[PDB]
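Trainee: Dropping a structure here in structure tokens format, bear with me for questions.
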Amino acid sequence: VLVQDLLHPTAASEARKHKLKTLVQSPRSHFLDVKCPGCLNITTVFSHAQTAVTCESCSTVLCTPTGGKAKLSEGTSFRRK
Amino acid sequence: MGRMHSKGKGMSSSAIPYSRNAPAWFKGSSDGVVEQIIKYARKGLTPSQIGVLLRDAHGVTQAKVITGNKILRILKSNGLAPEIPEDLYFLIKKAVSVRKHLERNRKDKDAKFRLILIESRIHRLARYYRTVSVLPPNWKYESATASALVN
Amino acid sequence: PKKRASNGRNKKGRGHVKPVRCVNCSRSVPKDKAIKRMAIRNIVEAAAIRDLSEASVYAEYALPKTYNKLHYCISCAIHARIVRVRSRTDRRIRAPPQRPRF
Amino acid sequence: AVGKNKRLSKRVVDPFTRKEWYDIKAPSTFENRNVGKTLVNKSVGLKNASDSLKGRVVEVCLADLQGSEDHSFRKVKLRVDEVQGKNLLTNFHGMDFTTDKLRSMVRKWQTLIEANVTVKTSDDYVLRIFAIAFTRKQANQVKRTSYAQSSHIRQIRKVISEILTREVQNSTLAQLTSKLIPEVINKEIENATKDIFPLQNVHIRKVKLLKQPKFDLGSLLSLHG
Amino acid sequence: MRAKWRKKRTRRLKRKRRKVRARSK
Amino acid sequence: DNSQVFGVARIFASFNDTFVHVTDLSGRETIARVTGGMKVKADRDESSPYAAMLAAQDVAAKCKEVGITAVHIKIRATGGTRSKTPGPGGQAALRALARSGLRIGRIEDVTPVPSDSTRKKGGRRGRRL
Amino acid sequence: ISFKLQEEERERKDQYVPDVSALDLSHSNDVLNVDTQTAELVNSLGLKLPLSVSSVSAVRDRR
RNA sequence: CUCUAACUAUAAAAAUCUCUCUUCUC
RNA sequence: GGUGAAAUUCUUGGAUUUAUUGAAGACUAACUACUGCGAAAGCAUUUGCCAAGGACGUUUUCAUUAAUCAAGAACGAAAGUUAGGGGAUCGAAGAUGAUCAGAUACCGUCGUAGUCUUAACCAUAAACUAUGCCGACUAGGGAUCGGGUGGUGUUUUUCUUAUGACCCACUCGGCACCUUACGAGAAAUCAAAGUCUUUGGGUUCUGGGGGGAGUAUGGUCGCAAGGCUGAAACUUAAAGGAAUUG
Ligand SMILES: [Mg+2]
Ligand SMILES: [Mg+2]
Ligand SMILES: [Mg+2]
Ligand SMILES: [Mg+2]
Ligand SMILES: [Mg+2]
Ligand SMILES: [Mg+2]
Ligand SMILES: [Mg+2]
Ligand SMILES: [Mg+2]
Ligand SMILES: [Mg+2]
Ligand SMILES: [Mg+2]
Ligand SMILES: [Mg+2]
Ligand SMILES: [Mg+2]
Ligand SMILES: [Mg+2]
Ligand SMILES: [Mg+2]
Ligand SMILES: [Mg+2]
Ligand SMILES: [Mg+2]
Ligand SMILES: [Mg+2]
Ligand SMILES: [Mg+2]
Ligand SMILES: [Mg+2]
Ligand SMILES: [Mg+2]
Ligand SMILES: [Mg+2]
Ligand SMILES: [Zn+2]
Ligand SMILES: [Zn+2]
């Protein structure tokens, strides 16, 4: 220790360090573009979703709330937004 | 890490990012956002669950970010802000729930203690709100006015 | 002064512990300052295993192992010699006493 | 202390001379149908022998009744119901481990779950049963301890209670014992609960018989033929 | 001499003098 | 079976006056009660291994007379509230029982261990010897 | 204790060196099979240094 | 660079005590 | 039975015992650890209902609502006091039985109130971590509890996913622990009791030598036990902390 770039830490250090503890607070979450096999509509779902979000066209609930990230419905296809 | 009425010292919170404008990938615009928010307002939902629904059901990061304005202020502009603010109303609901629990069974001395803490929180919050004059200066909660104010 | 950091209880953050009686002098001491032993021994002494073995049906009997937990007051623990008074810096060591049998 | 202040606020004979012998017979559920011998005073009217016999309960290790030493840590108790003459018939009355084994699988660094249950069997036998279960150190652990969560313990108890009730309410006591001897219920419980924990040493404890319908002597005759 | 028992004997003295108070009043 | 009539020993060995009381397989019928205190005088040694040993030899002799040759030995300490520990005599008693011709079988420990009952005698500071 | 002859004995038996230096990938099956980790370490060091790949089976059985 | 095993059981009573404390610099 | 030994005590109306039982009330052993929860007291069988709470996650909600707090409040072990209910055990008083010169004490056998409750008080503990609360920083290390992050990980198994379990790594908070001191302390010790003569982050409360004394007196709360508040006259050159050697 005794010398660091608190302005320029290694990106690995930032990734492992807790959020609100980095040089600038940066959320670890993101959004998801999710395709339900029911209808071809693509919906945006927050990673740590909270409500049992269903498709607007049909009752095909996509993400399930829990302590951590919303657990998906085993059938839908997701990409990171 | 104060945690008003508990020895707890955590920091479970949410850290909104550096950016203040909307994200580039956001295909929506302010107008549809405000119409949707106000539609939920007619649906009879408090601003908190409106925010969380817009965060999950849609790409709404934060209402201020994409609309330029804050949900309470938007509702006030459209005149659907509850006459009792969210947090005090929910504290009142919790207080009346605990009061019902205490009346239906007596010896819960520990539950009586936490009812006292709930009343203390209500008092402080109401004092702040009356300093900002959100609530009329005569407003006072003692036992049973809230028993109708919940309904 | 503080003879021990832990006060000898091993309570340190539990409010209060139920008391459990000493097995010899019936002293009431908290379950932590209730110096413990697991006396796993045979139901028949190792001295007389041969006589019991030769005069036994069910060849090579299991010969059960009697189990019981022993709770001493610390006064008994000093007198009944389960524990010994130790020198100052030797109070640090908390490990089992050097594996009696190995 | 041997001396007595002579307090008392010949007629000596050997009382065992007027005591005859009787033979214990186990039901057809067990394979060794002879148990041992019992001393009863000779059958004289106005307290006949069979008058005293009816109601006796005898404790015997299951290792003797099944031959194999695997049952060295089980113990059944049989009630005496009817006398055939110099040979008596018995029925299941209770079961329990020996205290040795019961203290054997209990150790530190593993929470034990007890699930009791009161049930009514197929015919009328009202019973109370116990189940003793232990969390298992997985064969990957570097964590020295193998505790369990309270919510998980509630789940385990719910599963065990459900399976116990399902078994007992369907069949009679005889088939209950017949499937109990190979402890197939142990394997069923661990199979149902395996997705929650490993949960080693599943066992069934203190099978306590509480109520019996009338006599059903025909069933006892079935168990002895 | 012993806080517990010096206190206890003082309590006994207080009780006796309170009985005397009751006698006088 | 090998014509062995199983008996039950049911040894009770407290800190005083060990007990050896052979009973039938039913347990309900009693045989040859003679205890430690019967075989010694001084009353200092009601529980002595020698008192227990004569008591066990006498019960074995009576078992020979009646005809019980195989015995199921049961060790029963004081248990319950009082010290839950085996006495100093019952071990010599069972050694004598095994020695005197009798064929042993199924030793077990039936000392009653309570689930937190009956705050026991001595006060709180306990026997202050 | 130690004297002149034992001194010389220690001296000679300490000067001892064996044949080919036991390293030089001569013993133990041409090229010391090692992990991917020191292999890519050498690669980042920028130097050829013959090698063979062997993943080290992260399991930590109690042994 | 490889290991997870046995062990014993003692507490009889013992109260009391008077002198007198006398120096450090090359 | 019982004890260092005995004796008081029960018993050929058969007690100690051996079995079945039934009874009431008590408590939840063994799991049970430098492990958990709660503000402290304290809380340990299971199931159902009741509300409550901490920590974690959050790109959700408002925008100083905050910290500590005279005055006032809610709890507060055990013992204790009223009344009503229980009445097993253990049991101050008492009765005894022993050692002893004395022993109305320790050891031993009975044993009233309490121990368990339901209402009403009492509000005192070595209520101890004898370390007030909220802030920020400073040093290495392992583990443990609760949550969450990733794992081409490992067994799991319903052919397989997915739980769950573990294993790895990281993070947040919690009881903590070990090492060292580069700092602190008079030290025993301390990772806070450090960042204090280089003296200042915000704060409430107590002490000014020891006896007198938490006593006298007056208020004040109480049915009472007593609790809170709280001196003086006089008296003494010490009492006291830690450590060292005998
Ligand atoms: Mg001391
Ligand atoms: Mg200790
Ligand atoms: Mg006494
Ligand atoms: Mg002593
Ligand atoms: Mg009798
Ligand atoms: Mg726990
Ligand atoms: Mg806490
Ligand atoms: Mg328990
Ligand atoms: Mg105050
Ligand atoms: Mg009463
Ligand atoms: Mg006397
Ligand atoms: Mg007395
Ligand atoms: Mg008594
Ligand atoms: Mg009380
Ligand atoms: Mg005080
Ligand atoms: Mg204090
Ligand atoms: Mg404090
Ligand atoms: Mg002073
Ligand atoms: Mg003072
Ligand atoms: Mg006064
Ligand atoms: Mg001193
Ligand atoms: Zn859809
Ligand atoms: Zn003791």
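Ordering of the structure tokens sets the chain letters (A, B, ...); residue numbers start at 1 within each chain; ligands are numbered from 1 in the order shown.
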What residues in chain F lie within 8 Å of chain I, counting only C-alpha atoms (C1' of nucleotides), written as a PyMOL selection string?
Mentor: chain F and resi 23+26-30+44+113-121+123+127-129
Trainee: Output N, CA and C atoms of each residue in that selection to a file, as a PDB file, in the first residue's frame.
Mentor:
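Result file result-v9.pdb:
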```pdb
ATOM      1  N   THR F  23     -35.238 -60.567  37.651  1.00  0.00           N
ATOM      2  CA  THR F  23     -36.645 -60.732  37.334  1.00  0.00           C
ATOM      3  C   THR F  23     -36.767 -61.511  36.034  1.00  0.00           C
ATOM      4  N   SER F  26     -40.599 -61.324  31.670  1.00  0.00           N
ATOM      5  CA  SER F  26     -41.714 -60.394  31.782  1.00  0.00           C
ATOM      6  C   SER F  26     -41.396 -59.212  32.687  1.00  0.00           C
ATOM      7  N   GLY F  27     -40.395 -59.335  33.554  1.00  0.00           N
ATOM      8  CA  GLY F  27     -40.048 -58.259  34.464  1.00  0.00           C
ATOM      9  C   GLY F  27     -41.011 -58.131  35.627  1.00  0.00           C
ATOM     10  N   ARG F  28     -42.216 -58.677  35.458  1.00  0.00           N
ATOM     11  CA  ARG F  28     -43.262 -58.541  36.462  1.00  0.00           C
ATOM     12  C   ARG F  28     -43.038 -59.458  37.658  1.00  0.00           C
ATOM     13  N   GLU F  29     -42.366 -60.589  37.461  1.00  0.00           N
ATOM     14  CA  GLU F  29     -42.131 -61.564  38.517  1.00  0.00           C
ATOM     15  C   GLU F  29     -40.692 -61.447  39.002  1.00  0.00           C
ATOM     16  N   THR F  30     -40.505 -61.513  40.318  1.00  0.00           N
ATOM     17  CA  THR F  30     -39.239 -61.193  40.962  1.00  0.00           C
ATOM     18  C   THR F  30     -38.531 -62.447  41.463  1.00  0.00           C
ATOM     19  N   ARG F  44     -20.785 -48.547  55.851  1.00  0.00           N
ATOM     20  CA  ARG F  44     -19.893 -47.678  55.096  1.00  0.00           C
ATOM     21  C   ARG F  44     -19.860 -48.101  53.638  1.00  0.00           C
ATOM     22  N   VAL F 113     -33.437 -40.564  32.432  1.00  0.00           N
ATOM     23  CA  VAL F 113     -32.904 -39.216  32.270  1.00  0.00           C
ATOM     24  C   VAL F 113     -34.068 -38.275  31.975  1.00  0.00           C
ATOM     25  N   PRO F 114     -34.340 -37.296  32.831  1.00  0.00           N
ATOM     26  CA  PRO F 114     -35.499 -36.428  32.622  1.00  0.00           C
ATOM     27  C   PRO F 114     -35.230 -35.372  31.562  1.00  0.00           C
ATOM     28  N   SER F 115     -36.324 -34.840  31.019  1.00  0.00           N
ATOM     29  CA  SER F 115     -36.264 -33.693  30.121  1.00  0.00           C
ATOM     30  C   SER F 115     -36.607 -32.446  30.932  1.00  0.00           C
ATOM     31  N   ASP F 116     -35.642 -32.008  31.748  1.00  0.00           N
ATOM     32  CA  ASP F 116     -35.753 -30.782  32.543  1.00  0.00           C
ATOM     33  C   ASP F 116     -36.955 -30.822  33.490  1.00  0.00           C
ATOM     34  N   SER F 117     -36.854 -31.682  34.491  1.00  0.00           N
ATOM     35  CA  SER F 117     -37.890 -31.753  35.507  1.00  0.00           C
ATOM     36  C   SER F 117     -37.299 -31.546  36.894  1.00  0.00           C
ATOM     37  N   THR F 118     -38.156 -31.083  37.806  1.00  0.00           N
ATOM     38  CA  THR F 118     -37.952 -31.305  39.232  1.00  0.00           C
ATOM     39  C   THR F 118     -36.633 -30.737  39.742  1.00  0.00           C
ATOM     40  N   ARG F 119     -36.522 -29.406  39.793  1.00  0.00           N
ATOM     41  CA  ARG F 119     -35.381 -28.738  40.414  1.00  0.00           C
ATOM     42  C   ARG F 119     -34.944 -29.485  41.665  1.00  0.00           C
ATOM     43  N   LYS F 120     -33.681 -29.894  41.715  1.00  0.00           N
ATOM     44  CA  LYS F 120     -33.254 -30.931  42.638  1.00  0.00           C
ATOM     45  C   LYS F 120     -32.761 -30.339  43.956  1.00  0.00           C
ATOM     46  N   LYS F 121     -32.579 -31.227  44.928  1.00  0.00           N
ATOM     47  CA  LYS F 121     -32.310 -30.860  46.309  1.00  0.00           C
ATOM     48  C   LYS F 121     -30.901 -30.305  46.481  1.00  0.00           C
ATOM     49  N   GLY F 123     -30.565 -26.711  47.481  1.00  0.00           N
ATOM     50  CA  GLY F 123     -30.611 -25.269  47.373  1.00  0.00           C
ATOM     51  C   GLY F 123     -29.958 -24.801  46.088  1.00  0.00           C
ATOM     52  N   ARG F 127     -24.888 -28.349  48.056  1.00  0.00           N
ATOM     53  CA  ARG F 127     -24.202 -28.952  49.188  1.00  0.00           C
ATOM     54  C   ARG F 127     -22.874 -28.252  49.422  1.00  0.00           C
ATOM     55  N   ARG F 128     -22.770 -27.569  50.558  1.00  0.00           N
ATOM     56  CA  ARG F 128     -21.678 -26.637  50.828  1.00  0.00           C
ATOM     57  C   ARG F 128     -20.551 -27.296  51.607  1.00  0.00           C
ATOM     58  N   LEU F 129     -20.309 -28.579  51.362  1.00  0.00           N
ATOM     59  CA  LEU F 129     -19.216 -29.298  52.007  1.00  0.00           C
ATOM     60  C   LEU F 129     -17.866 -28.687  51.642  1.00  0.00           C
TER      61      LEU F 129
END
```
Trainee: Can you tell me which residues surround residue 8 in chain D at a distance of at most 9 Å, considering only C-alpha atoms (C1' of nucleotides), apart from same-chain residues fewer than 2 positions away, and format the answer as a ChimeraX atom specification?
Mentor: /D:6 /I:11-13
Trainee: Next, dump the selected residues to file, keeping only N, CA and C atoms (P, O5', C5', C4', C3', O3' and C1' of nucleotides), as a PDB file, in the first residue's frame.
Mentor:
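Final output, part-v5.pdb:
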```pdb
ATOM      1  N   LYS D   6     -36.941 -53.158  65.049  1.00  0.00           N
ATOM      2  CA  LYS D   6     -37.948 -54.205  65.294  1.00  0.00           C
ATOM      3  C   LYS D   6     -39.384 -53.711  65.142  1.00  0.00           C
TER       4      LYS D   6
ATOM      5  P     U I  11     -44.182 -47.472  58.651  1.00  0.00           P
ATOM      6  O5'   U I  11     -44.049 -48.482  57.427  1.00  0.00           O
ATOM      7  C5'   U I  11     -44.391 -49.849  57.580  1.00  0.00           C
ATOM      8  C4'   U I  11     -43.303 -50.760  57.071  1.00  0.00           C
ATOM      9  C3'   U I  11     -42.949 -51.922  57.981  1.00  0.00           C
ATOM     10  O3'   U I  11     -43.858 -52.998  57.852  1.00  0.00           O
ATOM     11  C1'   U I  11     -40.968 -50.904  57.150  1.00  0.00           C
ATOM     12  P     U I  12     -44.803 -53.408  59.083  1.00  0.00           P
ATOM     13  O5'   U I  12     -44.163 -54.769  59.603  1.00  0.00           O
ATOM     14  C5'   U I  12     -43.312 -55.533  58.757  1.00  0.00           C
ATOM     15  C4'   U I  12     -44.047 -56.683  58.117  1.00  0.00           C
ATOM     16  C3'   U I  12     -44.648 -57.688  59.096  1.00  0.00           C
ATOM     17  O3'   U I  12     -45.829 -58.255  58.530  1.00  0.00           O
ATOM     18  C1'   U I  12     -43.051 -58.772  57.742  1.00  0.00           C
ATOM     19  P     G I  13     -47.214 -58.216  59.340  1.00  0.00           P
ATOM     20  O5'   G I  13     -48.200 -57.432  58.367  1.00  0.00           O
ATOM     21  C5'   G I  13     -47.740 -56.307  57.625  1.00  0.00           C
ATOM     22  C4'   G I  13     -48.842 -55.679  56.811  1.00  0.00           C
ATOM     23  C3'   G I  13     -48.491 -54.329  56.191  1.00  0.00           C
ATOM     24  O3'   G I  13     -49.196 -54.171  54.960  1.00  0.00           O
ATOM     25  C1'   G I  13     -50.289 -54.058  57.697  1.00  0.00           C
TER      26        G I  13
END
```
Trainee: Do you know which residues are at most 12 Å from residue 39 in chain B counting only C-alpha atoms (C1' of nucleotides), after dropping those on the same chain fewer than 5 positions away, and could you put them as a CSV table (one decimal) with N, CA, C and O atoms, in the first residue's frame?
Mentor:
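Output file part-v5.csv follows:
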```csv
chain,number,residue,atom,x,y,z
B,32,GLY,N,-45.7,10.3,-23.0
B,32,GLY,CA,-46.3,9.0,-22.7
B,32,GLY,C,-46.0,8.7,-21.3
B,32,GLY,O,-46.9,8.0,-20.6
B,33,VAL,N,-44.9,9.0,-20.7
B,33,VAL,CA,-44.6,8.7,-19.3
B,33,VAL,C,-45.6,9.4,-18.4
B,33,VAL,O,-46.1,8.8,-17.5
B,34,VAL,N,-45.8,10.7,-18.6
B,34,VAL,CA,-46.7,11.4,-17.7
B,34,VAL,C,-48.1,10.9,-17.8
B,34,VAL,O,-48.8,10.8,-16.8
B,44,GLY,N,-55.6,4.7,-8.6
B,44,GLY,CA,-55.7,4.7,-7.1
B,44,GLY,C,-54.5,4.1,-6.4
B,44,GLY,O,-54.6,3.3,-5.5
B,45,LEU,N,-53.3,4.4,-6.9
B,45,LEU,CA,-52.0,3.9,-6.4
B,45,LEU,C,-51.1,5.0,-5.9
B,45,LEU,O,-51.1,6.1,-6.5
B,46,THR,N,-50.5,4.8,-4.8
B,46,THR,CA,-49.6,5.9,-4.2
B,46,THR,C,-48.4,6.0,-5.1
B,46,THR,O,-48.0,5.0,-5.8
B,47,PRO,N,-47.7,7.2,-5.0
B,47,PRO,CA,-46.6,7.4,-5.9
B,47,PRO,C,-45.4,6.3,-5.8
B,47,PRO,O,-44.7,6.1,-6.8
B,50,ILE,N,-46.3,3.4,-7.9
B,50,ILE,CA,-46.2,3.9,-9.3
B,50,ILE,C,-44.8,3.9,-9.8
B,50,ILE,O,-44.5,3.5,-10.9
B,54,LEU,N,-43.5,1.6,-12.8
B,54,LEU,CA,-42.8,2.1,-14.0
B,54,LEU,C,-41.4,1.6,-14.1
B,54,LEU,O,-40.8,1.6,-15.2
B,75,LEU,N,-47.9,14.9,-9.7
B,75,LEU,CA,-49.3,14.6,-9.2
B,75,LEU,C,-49.9,15.9,-8.6
B,75,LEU,O,-51.0,16.2,-8.8
B,78,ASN,N,-51.0,17.9,-11.4
B,78,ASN,CA,-52.3,17.3,-11.9
B,78,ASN,C,-53.3,17.1,-10.8
B,78,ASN,O,-54.4,16.6,-11.1
B,80,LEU,N,-53.7,15.2,-8.0
B,80,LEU,CA,-54.1,13.9,-7.4
B,80,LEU,C,-53.2,13.5,-6.2
B,80,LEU,O,-53.2,12.3,-5.8
```
Trainee: Determine which residues of chain C DSSP labels as alpha helix (DSSP H) from the backbone of this structure, then write them out as a ChimeraX atom specification.
Mentor: /C:49-54,74-79
Trainee: Would you save the residues of that selection, restricted to N, CA, C and O atoms, as a PDB file, in the first residue's frame?
Mentor:
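Generated file (out_11.pdb):
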```pdb
ATOM      1  N   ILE C  49     -13.739 -57.013  30.535  1.00  0.00           N
ATOM      2  CA  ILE C  49     -14.287 -57.327  29.220  1.00  0.00           C
ATOM      3  C   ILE C  49     -14.143 -58.812  28.910  1.00  0.00           C
ATOM      4  O   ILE C  49     -15.007 -59.398  28.251  1.00  0.00           O
ATOM      5  N   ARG C  50     -13.056 -59.441  29.364  1.00  0.00           N
ATOM      6  CA  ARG C  50     -12.800 -60.838  29.019  1.00  0.00           C
ATOM      7  C   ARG C  50     -13.859 -61.763  29.611  1.00  0.00           C
ATOM      8  O   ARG C  50     -14.399 -62.631  28.915  1.00  0.00           O
ATOM      9  N   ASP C  51     -14.157 -61.600  30.903  1.00  0.00           N
ATOM     10  CA  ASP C  51     -15.120 -62.483  31.553  1.00  0.00           C
ATOM     11  C   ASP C  51     -16.504 -62.336  30.936  1.00  0.00           C
ATOM     12  O   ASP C  51     -17.209 -63.329  30.726  1.00  0.00           O
ATOM     13  N   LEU C  52     -16.908 -61.101  30.632  1.00  0.00           N
ATOM     14  CA  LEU C  52     -18.184 -60.879  29.959  1.00  0.00           C
ATOM     15  C   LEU C  52     -18.175 -61.453  28.546  1.00  0.00           C
ATOM     16  O   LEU C  52     -19.201 -61.949  28.066  1.00  0.00           O
ATOM     17  N   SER C  53     -17.031 -61.391  27.865  1.00  0.00           N
ATOM     18  CA  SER C  53     -16.948 -61.883  26.494  1.00  0.00           C
ATOM     19  C   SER C  53     -17.077 -63.400  26.440  1.00  0.00           C
ATOM     20  O   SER C  53     -17.825 -63.940  25.616  1.00  0.00           O
ATOM     21  N   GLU C  54     -16.353 -64.107  27.313  1.00  0.00           N
ATOM     22  CA  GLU C  54     -16.350 -65.566  27.252  1.00  0.00           C
ATOM     23  C   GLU C  54     -17.697 -66.157  27.650  1.00  0.00           C
ATOM     24  O   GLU C  54     -18.073 -67.226  27.156  1.00  0.00           O
ATOM     25  N   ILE C  74     -17.538 -24.723  39.160  1.00  0.00           N
ATOM     26  CA  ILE C  74     -16.099 -24.575  39.001  1.00  0.00           C
ATOM     27  C   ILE C  74     -15.372 -24.995  40.275  1.00  0.00           C
ATOM     28  O   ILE C  74     -14.224 -25.451  40.216  1.00  0.00           O
ATOM     29  N   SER C  75     -16.014 -24.858  41.441  1.00  0.00           N
ATOM     30  CA  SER C  75     -15.388 -25.309  42.680  1.00  0.00           C
ATOM     31  C   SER C  75     -15.144 -26.813  42.655  1.00  0.00           C
ATOM     32  O   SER C  75     -14.051 -27.283  42.999  1.00  0.00           O
ATOM     33  N   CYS C  76     -16.148 -27.585  42.229  1.00  0.00           N
ATOM     34  CA  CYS C  76     -15.937 -29.013  42.029  1.00  0.00           C
ATOM     35  C   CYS C  76     -14.865 -29.260  40.978  1.00  0.00           C
ATOM     36  O   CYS C  76     -13.999 -30.125  41.154  1.00  0.00           O
ATOM     37  N   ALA C  77     -14.896 -28.492  39.886  1.00  0.00           N
ATOM     38  CA  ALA C  77     -13.924 -28.675  38.815  1.00  0.00           C
ATOM     39  C   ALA C  77     -12.495 -28.518  39.314  1.00  0.00           C
ATOM     40  O   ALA C  77     -11.594 -29.223  38.845  1.00  0.00           O
ATOM     41  N   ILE C  78     -12.260 -27.591  40.245  1.00  0.00           N
ATOM     42  CA  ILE C  78     -10.949 -27.522  40.885  1.00  0.00           C
ATOM     43  C   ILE C  78     -10.733 -28.723  41.795  1.00  0.00           C
ATOM     44  O   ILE C  78      -9.682 -29.373  41.740  1.00  0.00           O
ATOM     45  N   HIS C  79     -11.715 -29.047  42.641  1.00  0.00           N
ATOM     46  CA  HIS C  79     -11.468 -30.109  43.611  1.00  0.00           C
ATOM     47  C   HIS C  79     -11.530 -31.489  42.968  1.00  0.00           C
ATOM     48  O   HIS C  79     -10.662 -32.333  43.214  1.00  0.00           O
TER      49      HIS C  79
END
```
Trainee: Give as a PyMOL selection string the residues surrounding ligand 17 up to a distance of 12 Å, considering only C-alpha atoms (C1' of nucleotides) and all ligand atoms.
Mentor: chain I and resi 39-40+127-133+205
Trainee: Taking only C-alpha atoms into account and nothing else, which residues of chain D lie no more than 12 Å away from chain C? Please answer as a CSV table (one decimal) with N, CA and C atoms, in the first residue's frame.
Mentor:
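New file iface-v9.csv:
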```
chain,number,residue,atom,x,y,z
D,63,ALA,N,-33.6,-57.8,17.8
D,63,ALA,CA,-32.5,-58.6,17.3
D,63,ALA,C,-32.7,-60.1,17.6
D,64,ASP,N,-33.3,-60.4,18.7
D,64,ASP,CA,-33.7,-61.8,18.9
D,64,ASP,C,-34.8,-62.3,18.0
D,67,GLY,N,-33.3,-62.4,14.4
D,67,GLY,CA,-32.1,-63.1,14.3
D,67,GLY,C,-30.9,-62.3,14.0
D,68,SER,N,-31.0,-61.4,12.9
D,68,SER,CA,-29.8,-60.6,12.6
D,68,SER,C,-29.6,-59.6,13.7
D,69,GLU,N,-28.3,-59.2,13.8
D,69,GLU,CA,-27.9,-58.2,14.8
D,69,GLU,C,-28.1,-56.8,14.4
D,70,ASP,N,-28.6,-56.6,13.2
D,70,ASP,CA,-28.9,-55.2,12.7
D,70,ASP,C,-29.9,-54.6,13.7
D,71,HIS,N,-30.9,-55.4,14.2
D,71,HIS,CA,-31.9,-54.9,15.1
D,71,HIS,C,-31.4,-55.0,16.6
D,72,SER,N,-30.1,-54.9,16.8
D,72,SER,CA,-29.5,-54.9,18.1
D,72,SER,C,-29.9,-53.6,18.8
D,73,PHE,N,-30.4,-52.5,18.1
D,73,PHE,CA,-30.7,-51.3,18.7
D,73,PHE,C,-32.2,-51.0,18.6
D,98,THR,N,-33.1,-48.8,22.1
D,98,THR,CA,-32.4,-48.8,23.4
D,98,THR,C,-31.7,-47.5,23.6
D,99,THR,N,-31.5,-47.1,24.9
D,99,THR,CA,-31.0,-45.8,25.2
D,99,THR,C,-29.6,-45.6,24.6
D,100,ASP,N,-28.8,-46.7,24.5
D,100,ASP,CA,-27.5,-46.6,23.9
D,100,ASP,C,-27.5,-45.9,22.5
D,101,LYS,N,-28.2,-46.6,21.6
D,101,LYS,CA,-28.3,-46.0,20.2
D,101,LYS,C,-28.9,-44.7,20.2
D,102,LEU,N,-30.0,-44.5,20.9
D,102,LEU,CA,-30.6,-43.2,20.9
D,102,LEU,C,-29.7,-42.1,21.4
D,103,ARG,N,-28.8,-42.4,22.3
D,103,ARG,CA,-27.7,-41.4,22.6
D,103,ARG,C,-26.6,-41.4,21.6
D,104,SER,N,-26.5,-42.5,20.8
D,104,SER,CA,-25.3,-42.6,19.9
D,104,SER,C,-25.4,-41.6,18.8
D,105,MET,N,-26.5,-41.6,18.0
D,105,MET,CA,-26.4,-40.7,16.9
D,105,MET,C,-26.5,-39.2,17.2
D,106,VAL,N,-26.8,-38.9,18.5
D,106,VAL,CA,-26.9,-37.5,18.9
D,106,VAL,C,-25.5,-37.0,19.2
D,107,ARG,N,-25.1,-35.9,18.5
D,107,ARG,CA,-23.8,-35.3,18.7
D,107,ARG,C,-23.9,-33.8,18.6
D,108,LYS,N,-22.8,-33.1,18.9
D,108,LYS,CA,-22.8,-31.7,18.7
D,108,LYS,C,-22.6,-31.4,17.2
```
Trainee: Using only C-alpha atoms (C1' of nucleotides) and all ligand atoms, which residues of the polymer chains come no farther than 10 Å from ligand 15? I'd like the answer as a list in words.
Mentor: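 So the residues close to ligand 15 are residues 124, 125, 126 and 127 of chain I.
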Trainee: Please provide as a PyMOL selection string all residues within 8 Å of range 63-78 of chain F, with the sequence filter that same-chain residues fewer than 3 positions apart are discarded (counting only C-alpha atoms (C1' of nucleotides)).
Mentor: (chain D and resi 16) or (chain F and resi 4-15+22+31-32+59-60+82-87+90+94+101-112)
